[PDB]
């Protein structure tokens, strides 16, 4: 069957540009108001939703979708990508976002990320939130510091939450040159120092059988 995609935005120019670009992935239905979308009985696999709608908040509709049909991917179209705005997206349960103005190509890429790789931009684990689109990590609502390598490994573990990732897998995936296995242990220690309350009783990153690591939400 085909993917069903809904686009809810009061800007008819956005509806046209977005619909034309996303039709290559599946069937697209457009809506100018939240009321129109809330009236439709057909379920969608993906909903593109503007944060600002004439009758509802895009954040509230997002919340409604996630509480009723959580399997639905939701990507928000917003005007700001500052921390306050991104945190509102996390709060609403959104899976990703795209800041306006944008080239439809960016949106297409993020929707493909949903449907073809089942990955997303916003990973909410309570006190720990990872924005893979803006490359930011928040701890209790405040941005923290993580060098690129540490961020990439933390994200990889989180995208594979509940699964054991071997030290070997990490060594071959995040380093182009040959490196000592201890380098992985060092990166993990640095990540833990950055996100755990006490880097000795991991809440997020556990060591497993001494051969790998696992992220627990």
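Numbering follows the first chain given and starts at 1.
In this entry, 11 to 19 shows the higher mean Cα temperature factor of the pair 11 to 19 and 203 to 211. Of the two stretches examined, 176 to 184 and 150 to 158, the record assigns the greater average C-alpha temperature factor to 176 to 184. Reading the B-factor column for the CA atoms of 65, 38, 43, 191 in the entry, the top value corresponds to 43. Ranked against the other modelled residues of its chain, the C-alpha B-factor of residue 54 as given in the entry falls in the highest third. When the modelled residues of the chain are ordered by their C-alpha B factor, residue 103 lands in the highest third.
In the deposited entry, the Cα temperature factor of residue 76 places it in the lowest third of its chain's modelled residues. When the modelled residues of the chain are ordered by their C-alpha B factor, residue 82 lands in the highest third. In this PDB entry, the Cα temperature factor of residue 117 sits in the top third of its chain's modelled residues, the highest group.
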